[PDB]
Every structure is written in C-alpha cells, then in structure tokens.
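Visitor: Kindly return the folded structure for what I paste below:
(chains A and B)
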There are 2 protein chains.
Amino acid sequence: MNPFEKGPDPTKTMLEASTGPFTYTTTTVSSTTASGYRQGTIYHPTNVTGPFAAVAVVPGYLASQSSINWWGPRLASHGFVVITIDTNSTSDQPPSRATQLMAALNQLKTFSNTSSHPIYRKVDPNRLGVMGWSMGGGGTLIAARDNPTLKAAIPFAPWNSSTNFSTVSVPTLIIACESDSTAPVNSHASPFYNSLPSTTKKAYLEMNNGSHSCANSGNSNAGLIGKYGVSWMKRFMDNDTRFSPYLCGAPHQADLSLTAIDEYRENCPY
Amino acid sequence: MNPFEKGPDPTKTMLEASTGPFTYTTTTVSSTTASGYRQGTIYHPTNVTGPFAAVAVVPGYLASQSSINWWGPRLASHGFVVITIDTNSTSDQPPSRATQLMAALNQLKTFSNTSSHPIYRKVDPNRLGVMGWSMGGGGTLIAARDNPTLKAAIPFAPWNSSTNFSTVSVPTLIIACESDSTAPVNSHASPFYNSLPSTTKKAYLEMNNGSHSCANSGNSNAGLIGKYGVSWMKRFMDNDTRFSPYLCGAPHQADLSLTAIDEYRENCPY
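Guide: Numbering: from 1, shown residues only, chains lettered A, B, ... in the order given. And now the structure:
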C-alpha cells in the first residue's frame, strides 16, 4: 500500500468535478503574520487526517490572488494544503516570485509546527510543490531549478526572459494558452518545455484558443485543466499511481480528441 | 444617458453606511391583502421619483421576516422597492418559496398599478429581483431558473436538496457563511455557484468563520455585506456601471485584503 494515498479511486467524472471528495476550509494569513511575502490564503482539507503534501501558488505581474486562487479549493478538496500568495509588490519579477513561493512554503512548515494554528500537523514538510501564472510561472520554473527537492511544478501561461531550464529535475506540467498575446507560447511556454532534460518527467497541455488567462480563476475549461493539475500533484507529490492513467493511459488518450486541447506533449510513462 | 441610474456617484463610505442616500418608508401588507404569500412589508424610497427596480426577499424554514428584513431599509435607501415576505406556512419547501417570491413581485406590480396604494407608479415591472435565506435561497435559485426575465438573484446562506442550477442565466451573487453548520458551504452554497454556467454573470462572497446567520438581520458585517448586495442590484437591475469598481475593480481588490472575507469568486468583467 502507498501510505500517501488519500480519497476514493479516481474516475473521469470525479477528476472533472468542480470539487474533489474532501471538505475543506480556508484560513487567511494577514500581512502582519506573512513572512517573505505580502499576505495569503491557506486552503486545507477537513474531516480527513493528514498530513498532506502542500502547494504554493503565485500570480503574475500587477495581479493578485484572485487570478489564481481557484487552485486553492480544487486541490484542497483532493487532499492538499494550498497557500495562494500576494507578492511584496505586484511589480515583482520572476526571480522575486520564486523567492516568495519558497518563503510561503517555509511558513506553511512553521504553521504546521505551531499547536495554535488551524493547519497544525497538516503539512508533510518533505512533499512540497509550486504553481504560478505568467511571471509567477517563470517564478515556478526558477523555484524548481533552485530547489530541486520540490516534488512538482505547474507553471501556467508562463513568462520568463530566459528559456533555459535545462537543469530542472522537478516533474513539471506546463499549461499553455494557444492564443496567448502576453506570453506567446512560441517565445515562452513551448521553449521552456523543450529545454527540460529528457530525464525530467514532464507534460505540455496547450488549450485551444486560450487567452493569457486560460488557466486562471473562472476559466471555461476548469474541468479539464483541474483534472490535469490534480492528477499531476497526486502522481508526483503523493506518488499516487491511481492517477497515472489520467496523464499517460487510455483516459488521457481519450482527452486528446477534445476540441479544448489543441496540443499535448509528454515523456510518459509515469 | 442611463435613465435607470439613481442618486450620487458611489463611494466606499456611502456603500458601507447603514442607509444609502435616499429616505425610505414602509407599508405593511396585511394577510388579508397579501396574494399568494402570507403577509409582508414594503420598503420604498421617498425623496426620489421612480419608477424603481423591485426585489422580493424570503426567509428560511420555520423563519419570519425579522431574519431577512435588514435588506429592506438597506436596498430601499439606494432606490429599490423591496418586499420582505412571510410564507403561507413556515414549513414551505424551496419550490413553494420560489412561487411565493414571484407572487410577491406580481403583487408589487399590481400595487404599482393601484392609484390608492402608497407604491402607486413606483415599480418598473420590467426590472425585478429575488433574494432569500437558506431554503429561501434555494427558492431564489429555483425562481431564477424558472423566470429568466429576472434581472438579479441573491441567495444568502442558501440550502437546497439538489445542487444542479446549470441552466440559471440570471446574474447571481451567492453569499456564503464559511462555518455554516445548517447549510454547509461544501454541500450547498459552493456547489450551487460551481453549477452555474460560464455565460451567467456570477459572484460568490464567503464570510470568514461565518455562522448560518452571517447575512441575516443584526449580522456582524452589515456594512460590507450590504455593500455587495447594493452593488449587485445597482449593476444588474439598474445597469449602473458606476458600481462596477466595487464588484470588479480596485475597491473590490481592497476588500479581498479584509479578514471578514475568506473567499471571493467571480467572472468579472460583467
């Protein structure tokens, strides 16, 4: 038995649902408490005993938590602790966004070690992941490069000046928005994916006609995008091979006829 | 250029005040007069000429006007005609509460056509909305499903036996109470919001640690909650784009930093 396995055996319907099998609640982190980032919101499972793997999520340039926080409930309801952060400045660039992701994860560990905190004992400090939008997606790839003990990375509509992530060894799912005019896939998401070494478990999910906000809060493909983000975090943070079919097997292959997906790349099996 | 726009340009101060810029009065509807609901109280503006959009508000199971009637003064003082109703039986179920919401709106129309009545000519019969608590919030969503000519719907701490509102096309703001142990958000308000179509203008306002009564008369955050209800009815029933910033812009982003709000969802811009 895999000791990290949580929740019922997955199905397509369960993975595409707006919420997973778990109840969750949401705790605010004030600017006074927040260390190394401006402020945040923690989404954590309830009525299920952990500890759980934990994910930090960061927005893009001039953006706030509202752009990215649909990931909080979507992952929390599948047995993850999620922190969505606001950056010290909304003008922060990718390297700064990488530092703030790691600061958020470091504080989750502190909160998990604090008897008074709602998330006391909820975080497995050794099973951590990062996600982010646009320059926060650049920050996600920089965090992965600089912190290779991270278990998973999901940049979405990522933006970064440099395309060289040839040393990244963290399992990385890049979510790309076909029609993106802010972070064009041919200058950002696609070259990032192509740089990753052959030995790094990886995927590229490109959404048909996607604008730059195609994986943001309120998007019209939340069922499909959420199915991939949850499956990625289950497989790589929980080692949960019940989710492998949705990334690499017959369920995955059936997705590739959906008009919503214009392209998918991977180095399956995993 | 918008003939439905009433009153001064909005400010944070004006929107959080216990009353808006208009004076209002009340007219009791006896159980002898009331047609298709038990009885009610009408709240209507007095220092401004209409006609005005109209709203009906229904309570929850076993509950009376007193639980929901704070909305009367708050919305009437912003240029709406509001009827707070008692149901034929306090044991009426959500489909019955939906029928009674519409019967109350229909009688507001009749009174507005009744030369001797205090609200003669005050209702625009083309601009109607619904609100309700708990089973009354279930009723509100059922009314919106079955009456797509409605301009707006505001279920608050809603309860319903079914979560599927995937054909509601009426602009819907769901007000949720995070710690609700009567209509838990994980089983009611959140699934209702998540069922709404992408084409439906919508918002989800969840109050931090809120009990089931978090949006009822005498609640602890009536300035902030009433700001959202007034802004929703202005934006959608008056097509008043002056209120857009309070729902979708910088003032709204400033609210998301308040401890009182644990979650907000929307598909801005509207």
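Visitor: Close to chain B: what parts of chain A are there?
Guide: A:18-19, A:23-28, A:30-31, A:39, A:41, A:64-66, A:69-70, A:73, A:217-218, A:220 (C-beta under 8 Å from any C-beta of the partner chain). No exception for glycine: its C-beta is placed from N, CA and C like everyone else's.
Visitor: Which members of those residues are classed as buried?
Guide: Among the residues of chain A next to chain B, those classed as buried by 16 or more other C-beta atoms under 10 Å in any protein chain shown are A:18-19, A:23-28, A:39, A:41, A:64-66, A:69-70, A:73, A:217, A:220.
Visitor: now, which of the residues of chain A next to chain B lie within strands?
Guide: A:23-28, A:39, A:41 (DSSP state E).
Visitor: Which members of the residues you listed define the maximum pairwise distance?
Guide: Across those, the longest distance by C-beta to C-beta is 24.4 Å; it joins A:23 and A:39.
Visitor: How far off centre is stretch A:69-87?
Guide: Using C-alpha atoms, centre = their mean, to the nearest Å, the mean C-alpha position of stretch A:69-87 is found 9 Å from that of the whole chain.
Visitor: Using CSV, write out the CA atom coordinates for that stretch.
Guide: C-alpha atoms of stretch A:69-87 as CSV (Å, rounded to 0.1, in the frame of the first residue of the first chain):
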residue,chain,number,x,y,z
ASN,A,69,-7.0,31.1,-6.2
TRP,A,70,-9.5,28.6,-7.9
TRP,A,71,-6.5,26.2,-7.4
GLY,A,72,-6.9,26.5,-3.6
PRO,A,73,-10.3,24.7,-3.3
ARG,A,74,-9.7,22.5,-6.4
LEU,A,75,-6.5,21.0,-4.8
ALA,A,76,-7.6,21.2,-1.1
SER,A,77,-10.8,19.2,-1.9
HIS,A,78,-8.4,16.4,-3.2
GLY,A,79,-6.2,16.3,-0.1
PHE,A,80,-3.5,19.1,-0.4
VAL,A,81,-2.7,22.1,1.7
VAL,A,82,-2.6,25.1,-0.7
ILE,A,83,-1.3,28.7,0.0
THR,A,84,-2.2,31.4,-2.6
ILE,A,85,0.0,34.4,-2.1
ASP,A,86,0.1,38.1,-2.9
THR,A,87,3.7,39.4,-3.6
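Visitor: Tell me the buried residues in it?
Guide: A:69-87.
Visitor: Stretch A:190-209 too?
Guide: Buried-residue list, stretch A:190-209, by 16+ other C-beta under 10 Å: A:190, A:192-193, A:195-196, A:200-207.
Visitor: all helices of chain A, in order?
Guide: Taking DSSP state H as the test, the helices found in chain A are A:12-16, A:71-76, A:94-112, A:135-146, A:189-195, A:222-237, A:244-248, A:250-255.
Visitor: so which of the ones you listed is the most packed in?
Guide: Each of those was scored by mean neighbour count; the highest is helix A:135-146, a mean of 28, by mean count of other C-beta atoms under 10 Å in any protein chain shown.
Visitor: Could you check the angle it makes with helix A:94-112?
Guide: Going by axes from the mean of the first three to the mean of the last three C-alpha atoms, to 10 degrees, helix A:135-146 is angled at 70 degrees with respect to helix A:94-112.
Visitor: helices or strands up against helix A:135-146?
Guide: On a contact count with 3 or more C-beta pairs under 8 Å, 6 or more residues apart in numbering or on different chains; DSSP states H and E, helix A:135-146 meets strand A:52-58, helix A:94-112, strand A:123-133, strand A:152-156, strand A:172-177.
Visitor: how about CSV for those, with distance to residue A:212 added?
Guide: Formatted as CSV, these follow (distance: least, C-beta to C-beta, whole Å):
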stretch, distance to residue A:212
strand A:52-58, 16
helix A:94-112, 16
strand A:123-133, 9
strand A:152-156, 10
strand A:172-177, 6
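Visitor: which two from the buried residues of stretch A:190-209 end up farthest apart in space?
Guide: The widest separation within those (C-beta to C-beta) is 22.2 Å, between A:200 and A:207.
Visitor: one step back: and the buried residues of stretch A:190-209, which is closest to chain B?
Guide: residue A:207 (14.1 Å; C-beta to the nearest C-beta).
Visitor: Look up how far chain B lies from the residue lying closest to the closest one once chain neighbours are set aside.
Guide: Spatial nearest neighbour of residue A:207, chain neighbours left out: residue A:214 (4.6 Å); criterion: C-beta to C-beta, 6 or more residues apart in numbering or on different chains. Taking C-beta to the nearest C-beta, to the nearest Å as the measure, residue A:214 falls 13 Å from chain B.
Visitor: now do residue A:210
Guide: In terms of C-beta to the nearest C-beta, residue A:210 sits 14 Å off from chain B.
Visitor: is it true that that residue touches residue A:176?
Guide: Yes - contact between residue A:210 and residue A:176 holds when scored by C-beta atoms under 8 Å: they sit 7.4 Å apart.
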